[PDB]
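For reference, the chain that follows is the form deposited in one PDB entry, supplied as structure tokens.
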């Protein structure tokens, strides 16, 4: 019905819980038998991990090269600055809520430097399956290591520089742009094939998790995770973003949101910001009367670099999974998670189920068990819909900001 992706995921979740409760109470499997029961779920995890490397590399180069076209002049610069500030506040807001609420609960300088080191790997081939970690030994020295763990930060940064370089090379770099455009297109087709197998893998992933839960405390922790994500998205969409619009534009932001209601409603159903653009353009220019020039240079940019939703959904999810693993975490470790979350999303911007694919990238890069994402998919459909609604609203408000900040340019 063109919504099989949503129906299949919910059906898999519902049947996964039904299978888990029945098997747990009507059977007593051993440790080895329980592992085999989740094997279809394990195979799904390998497919998602397998497609990470071509997805992020092809998409980041494709997106960055395409972004070079949209981001031109001062008008484009206003949107880039606007999306940096709103994303920055979302990153801080997400960390404050997950650290204070503490959903799944019960050196900082080294982590920060390791973050910069990973952004500049010493070998691109090794960056696909290894990450750099440092330690303090004893008067105290520093010892690097290099351990298994795809270096998403290094690959994304290089693709950023690579994408910008080829985009500016004109015709000499067109073959590289065409090559990675087709590779990106092919990878999305491959993920669609994996998405067809997802309902079977999700069924056994969730079902196996129900067999292994000793106490219902995990369900309570999942509820706090939903509250943390919903609370952060609500505050950003209701308080922070309208406040930013109000001060810069000195107009009522709530009226501005009414014109986008058609786009906001479409954002939930489709659950993709890029696919909602045609509706977003119509609402922004017709209902909000925003100049058509701004919407052309702002909305395409916002569909790529608007990470407010990721900073409030995927970053919070990664820290929540870390807290589930009894990791004490720190300022340096949380900042590493937050940057990884935004880097993963930009590399998986148009992938079906960005939320699932992005989280698997974040967990793999950070080091948390990629199988702990099972709890995320149980409500990912619900939270991903709200995440996209905030992203579209952020871009819609961004168009009003750039118009007010670039009135003189429009006159000229």
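Numbering follows the first chain given and starts at 1.
Unmodelled stretch separating residue 106 from residue 107: 10 or more residues (count of deposited-sequence residues without coordinates).
Per the record, residue 138 and residue 139 are separated by a gap of 10 or more residues from the deposited sequence that were not modelled.
From this point on, the text means the form deposited with a small molecule bound, which you will not see here.
Residue heavy atoms within 4.5 Å of the small molecule in the bound PDB entry occur in exactly one stretch of 283 to 291, 203 to 211, 302 to 310, 253 to 261, and that stretch is 302 to 310.
Out of the listed residues 377, 366, 354, 370, 354 is the one that sits within 4.5 Å of the small molecule in the bound PDB entry by at least one heavy atom. Not displayed here, the small molecule is kept clear of residue 118 by more than 4.5 Å at the level of heavy atoms in the bound PDB entry. Taking the partner from elsewhere, residue 399 is found to have every heavy atom lying beyond 4.5 Å of the small molecule in the bound PDB entry.
Mapping the unseen interface onto this chain, residue 131 falls outside it, with no heavy atom inside 4.5 Å of the small molecule in the bound PDB entry. In the bound PDB entry, none of the heavy atoms of residue 228 sits within 4.5 Å of a heavy atom of the small molecule.
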